[PDB]
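Contents: one structure, followed by commentary.
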Amino acid sequence: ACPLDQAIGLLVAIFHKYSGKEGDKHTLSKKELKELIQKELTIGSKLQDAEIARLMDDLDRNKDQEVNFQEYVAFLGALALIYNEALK
Amino acid sequence: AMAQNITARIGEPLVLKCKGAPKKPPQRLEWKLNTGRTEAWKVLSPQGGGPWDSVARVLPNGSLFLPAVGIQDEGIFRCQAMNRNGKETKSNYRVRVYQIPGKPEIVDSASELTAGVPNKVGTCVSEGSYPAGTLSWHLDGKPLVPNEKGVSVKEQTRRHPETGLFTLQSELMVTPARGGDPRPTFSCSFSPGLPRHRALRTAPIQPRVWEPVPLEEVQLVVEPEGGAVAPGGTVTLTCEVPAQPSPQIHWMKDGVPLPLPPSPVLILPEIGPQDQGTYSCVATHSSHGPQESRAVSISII
Ligand SMILES: [Ca+2]
Ligand SMILES: [Ca+2]
Ligand SMILES: [Cl-]
Ligand SMILES: [Cl-]
Ligand SMILES: [Cl-]
Ligand SMILES: [Cl-]
Ligand SMILES: [Cl-]
Ligand SMILES: [Cl-]
Ligand SMILES: [Zn+2]
Ligand SMILES: [Zn+2]
Ligand SMILES: [Zn+2]
Ligand SMILES: [Zn+2]
Ligand SMILES: [Zn+2]
Ligand SMILES: [Zn+2]
């Protein structure tokens, strides 16, 4: 019923849909992350391979080549405001 | 009641009034007490250097003074006094003591809960209370009552012999229902058993809930996901059997095994209308019945 419960439930499910494919089931490898970006996110349709690689590197703050849930939440946070300007 | 209930904080000074006593000598008054220290009725002499003078002393005005009350000072205190009228006055006190613990903490809390199974949300800990008191939980800002669901609590109370103070623990366990609140918010609070006092509350925690996709014994993925493709081009079918090291996978079209050798993969290149149909894979094992994956409908448009 609540669109908030609904959207947040969705963001958790999307993360795990891709994080569980290879390696640690609760972090996103470059492979899993790129697929998530290209397949589920609006911001990724326009982006080229070199741009996505840059984006993924800047999402991995501790440089372990993985994007964990915290790093992923920060991603969505930026997106909220980036999508926000585009909707004006 | 006749006995006046006195509630005093551990470590703090206490003065018990001897009602109806003359303010200056001559005074006909006598204190009698029975506490955790005496284990019996004792007269408390007003003279300096008595047995208890480091713990309890009679003041010049007849009042009983305790510099720093302790748990062992709990008990009964009685003063019998006589005014200068010959007026007989009695004072009867029942002393109970307390200490407020530090703010409670939630330790080892979970960042993420798994829907459908029990999870340890965390353990509320409270240190340094007298008397024991109790711990309770809140969920989404409302009281969380145990043994509904799915919801359970493991509680324990421990006394420190060196101070007589208590350590409380409350371990919360929940089984989140699928389709429920994806970010439940918990907090814990300590309610003093004495005196009447505001609950002490922890900062809230907000774990997320992950809902695991149901695990199929034989798993089939199709690229592209839809199983719908333009005329020409390729569809690839991929089969996995997690519980088996060397699975034997046989491909099927419309419920009939294809004339192919065992293989984990089936690629359908140059797709024409004739390649349309329901596909699936079958994992065979010696001594066990075969298992089939989900059926995938492949079409063109
Ligand atoms: Ca992963
Ligand atoms: Ca990282
Ligand atoms: Cl809204
Ligand atoms: Cl996670
Ligand atoms: Cl709720
Ligand atoms: Cl809830
Ligand atoms: Cl969240
Ligand atoms: Cl065969
Ligand atoms: Zn709402
Ligand atoms: Zn997770
Ligand atoms: Zn101890
Ligand atoms: Zn809730
Ligand atoms: Zn208070
Ligand atoms: Zn076969």
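All Cβ positions, even for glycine, are placed from backbone atoms using ideal geometry, and neighbour counts span all protein chains on display. Read the figures in this text as sums done on the coordinates, not as results from a lab.
Yes/no per residue for (1) assigned to a loop (DSSP other than H, G, I, E, B); (2) within 16 Å of ligand 10 (Cβ to nearest atom):
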position	(1), (2)
B:125	no, no
B:132	yes, no
B:135	no, no
B:148	yes, no
B:152	no, no
B:158	no, no
B:168	no, no
B:176	yes, yes
Check your understanding: Here are some conditions: (1) among the polar types (S, T, N, Q); (2) in contact with a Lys or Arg (Cβ under 8 Å, 6 or more places away or on another chain); (3) surrounded by 15 or more Cβ atoms within 10 Å (Cβ to Cβ). Residue B:238 meets all but one. Which one does it not meet?
Key -> (2)
**Study point:** So residue B:151, is it within 15 Å of ligand 12 (Cβ to nearest atom), within 14 Å of chain A (Cβ to nearest Cβ) and farther than 30 Å from residue B:290 by Cα
**Key:** no
Check your understanding: So which of B:46, B:67, B:60, B:51 ends up being of a type outside the set (S, T, N, Q) and within 20 Å of residue B:6 (Cα to Cα)?
Key -> B:67
Review point. Going by the structure shown, is residue B:52 buried (at least 17 other Cβ atoms within 10 Å of the Cβ) and in contact with a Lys or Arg (Cβ under 9 Å, 6 or more places away or on another chain)?
Key: no
Point to revise | Matching entry among B:203, B:199, B:132 (being over 30 Å from residue B:284 (Cβ atoms) and in contact with a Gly (Cβ under 8 Å, 6 or more places away or on another chain)) | key: B:132
Study note, to complete from the structure: Taking the range B:243-253 and keeping only residues that are among the hydrophobic types (A, V, I, L, M, F, W, C) and within 15 Å of ligand 8 (Cβ to nearest atom), one is left with B:249, B:251, B:252
Review point. Within the range B:13-44, which residues are without any contact (Cβ under 8 Å) to a residue 12 or more places away in the chain, in a strand (DSSP E or B) and under 16 Å from residue B:91 (Cβ atoms)?
Key: none
Review point. Only one of B:229, B:256 is within 16 Å of ligand 8 (Cβ to nearest atom) and away from chain A (no Cβ under 14 Å); which?
Key: B:256
Exercise for review: Would you be able to tell me the number of residues in the range B:83-115 that are within 14 Å of chain A (Cβ to nearest Cβ) and not hydroxyl-bearing (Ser, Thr, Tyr)?
Suggested key: 4
Exercise for review: Answer yes or no as to whether residue B:149 is free of Cβ contacts under 8 Å to residues at least 60 places away in the same chain, of a type outside the set (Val, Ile, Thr), more than 21 Å from residue B:202 (Cα to Cα) and away from ligand 7 (no atom under 16 Å from the Cβ).
Suggested key: yes
Practice item. Only residues in the range B:179-200 that are within 13 Å of residue B:140 (Cα to Cα) count as the first member; pair them with residues that are of a type in the set (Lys, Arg) and away from ligand 5 (no atom under 11 Å from the Cβ), Cβ under 8 angstrom, at least 6 apart or cross-chain, and list the lot. Key: B:182/B:208; B:183/B:208; B:187/B:201; B:188/B:201
Check your understanding: Out of all the residues in the range B:244-277, which are under 20 Å from residue B:230 (Cβ atoms) and not in a loop (DSSP other than H, G, I, E, B)?
Key -> B:266, B:267, B:268, B:273, B:274, B:275, B:277
Check your understanding: For the range B:1-14, which residues satisfy the criterion of being loosely packed, with under 11 Cβ neighbours inside 10 Å and in contact with a strand residue (DSSP E or B) (Cβ under 7 Å, 6 or more places away or on another chain)?
Key -> B:2, B:5
Study note, to complete from the structure: Among residues of the range B:201-226 being within 11 Å of chain A (Cβ to nearest Cβ) and free of Cβ contacts under 8 Å to residues at least 12 places away in the same chain, the residue surrounded by the most Cβ atoms within 10 Å (Cβ to Cβ) is B:224
Check your understanding: With (1) farther than 21 Å from residue A:13 by Cα; (2) away from every other protein chain (no Cβ under 14 Å) as the list, and residue B:240 as the residue in question, which single condition is left unmet?
Key -> (2)
Check your understanding: Would it be correct to say that residue A:69 is within 14 Å of chain B (Cβ to nearest Cβ) and either within 16 Å of ligand 8 (Cβ to nearest atom) or surrounded by 12 or more Cβ atoms within 10 Å (Cβ to Cβ) (or both)?
Key -> yes
Check your understanding: So, in the range B:101-122, of the ones that are crowded, with 18+ Cβ neighbours inside 10 Å and under 23 Å from residue B:159 (Cβ atoms), which residue ends up farthest from ligand 10 (Cβ to nearest atom)?
Key -> B:101
Exercise for review: Could you tell me which numbered condition residue B:195 fails, if it satisfies all but one of (1) within 16 Å of ligand 13 (Cβ to nearest atom); (2) surrounded by fewer than 16 Cβ atoms within 10 Å (Cβ to Cβ); (3) not in a loop (DSSP other than H, G, I, E, B)?
Suggested key: (3)
Review point. Of everything in the range A:23-58 that's charged (D, E, K, R) and within 12 Å of another protein chain (Cβ to nearest Cβ), which residue is surrounded by the most Cβ atoms within 10 Å (Cβ to Cβ)?
Key: A:35
